[PDB]
Each structure stands twice: as structure tokens, then as C-alpha cells.
């Protein structure tokens, strides 16, 4: 996609960036590797649209990141033994009141979601500060902007699996696997730890730019892709294990197919 790229460059050259235009471009086509972190940052409001203010704001963010890192070290909550994702978890927890009594106190179910997304972000975003900031904002969007939609997604999944392949849904129901499907993996962690980040990022392009329905179509798509192997599985036990641990090499295809599906069922607008 060059000309996908040129068309994006022409938007990025505006003194004030069109947030709404950057959104619909992301919904329509995938972001080129070299501009992904930048667009996500603008869309998650980590850089203001006003192009000049970038360095001024990036400073504040870097300085805050360092201050917070240091404070965590002063207390015993992080050390250099600490992995980057746990570091972001504590930074988030600090900046939000919610920091546990000690670093050993066990991890509450939502913390593990943060960890999951953060580990994935690490592979998508090189800079350590951008990475923190995007993870913090990404997760914050699930807890606010999508707070009401996310619990509706398991239903949507059944609605759309059905139109695409009824028999498979029936088979899921017959094995009483439908209530045992790994929904949190799909709609809490948005597929972090499930799809290789090189493809997951194209899904997140959409999540970042305002759509969480796309998540449903990745789920439907994972099922269509492994229709044959799943219809062969008798226990609900066997089904859940498989969907927790899916073969990796089809993912490029799953994600593109998923995006198509979602357009087919929902559509999206035009871009120069």
C-alpha cells in the first residue's frame, strides 16, 4: 500500500491534524508501520492534534514517566529485575491510586488483563514511553468509551457466528461450549496472547480508532477458519482448550478476513 501511504502522508502534513479523518482512514485501511505509533498517539490523545505542541507535550510525558519510574524504585515496587510490562502495571496503579499493599500481593484478574495487553504493546511499539502511554490509554478506552459495549459482545458473537455458519453455532451449543468460550481473552484482552502482534496490531488499528465490534468479527473469523477442526471436537473441554491455544500461521488471513466480515456486516466511509 503505497498511495495508502501517500494519502496518509498528506493528512499528517496538516498543521492541525484531523482526528476524525485519521480515524476513518484507520477504520478503512491498515496503518503503514512507520506511522502507526504516531497516529495511535494522536487518536488516544497523547499528542494533541496541533503539530507544534508535540515536542512540548512529549517532554512532559517523558519527565512524568521518569519521575514515576524513580519513585517506584525508591519504594521496592520495581527493580531492574522487573519486566517492562510489570513496570507499566505499577506506573498505572500508582498514577491511579490503586497500588497494592506490597509488590508480592497477588494479581487481581484485571491486572492480568493489563499485563497481557502491555506484553503485546511491547512488540508493537519500540519506545518505552510511547508504549506505556499507549497501553495506559488503550486500556483506559476499554474501561470508559467501551465500558457498556464490551459486555454485549458475547451476544453479538452468537448473532454473527450464526449468520455466517449456523451449524457450527449449533455444534457449540450441543457441546454446551457456548458459555465456556474464552470471552475475556477476546473481549477483555482484545486477543492479546492469542494472535501474534504483527497481525493483532491491524486489529488494534480499528480498536484504537473507535470500533470494538471488530473484536466480534475476529472471534467469528477464528471459528470459520477452524470450522473443520472444531466440528471434530466433542467435549466442550476440548473446544475451550483449542480456542485458548490456536495455531498461529493463519492469523494474517484471519485478521484480513475478519476485517472484511465486519465491513460486510457493518460497512465504513470513503477516503481520498
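Positions refer to the first chain, counted from 1.
**Student:** Regarding 221 to 229 and 200 to 208, which shows the higher C-alpha temperature factor on average in the entry?
**Tutor:** It is 221 to 229.
**Student:** Looking at the deposited entry, does 75 to 83 or 98 to 106 carry the larger mean Cα B-factor?
**Tutor:** Per the PDB entry, the higher value belongs to 98 to 106.
**Student:** By the recorded C-alpha temperature factor, relative to the other modelled residues in its chain, which third is residue 162 in?
**Tutor:** As the PDB entry reports it, the C-alpha B-factor of residue 162 lands in the middle third of its chain.
**Student:** Which third of the chain does residue 261 land in by C-alpha B-factor: lowest, middle or highest?
**Tutor:** According to the entry, residue 261 has a C-alpha B-factor in the chain's lowest third.
**Student:** Based on the deposited C-alpha B factors for this chain, I'd like to know if residue 69 is in the lowest, middle or highest third.
**Tutor:** Ranked within chain, residue 69 CA B lands in the lowest tercile.
**Student:** Could you tell me which third, lowest, middle or highest, the C-alpha B-factor of residue 181 occupies within its chain?
**Tutor:** CA B-factor rank for residue 181: lowest third.
**Student:** Compare the C-alpha B factor of residue 239 with those of the other modelled residues in its chain, then answer lowest, middle or highest third.
**Tutor:** For residue 239, the deposited C-alpha B-factor lands in the highest third.
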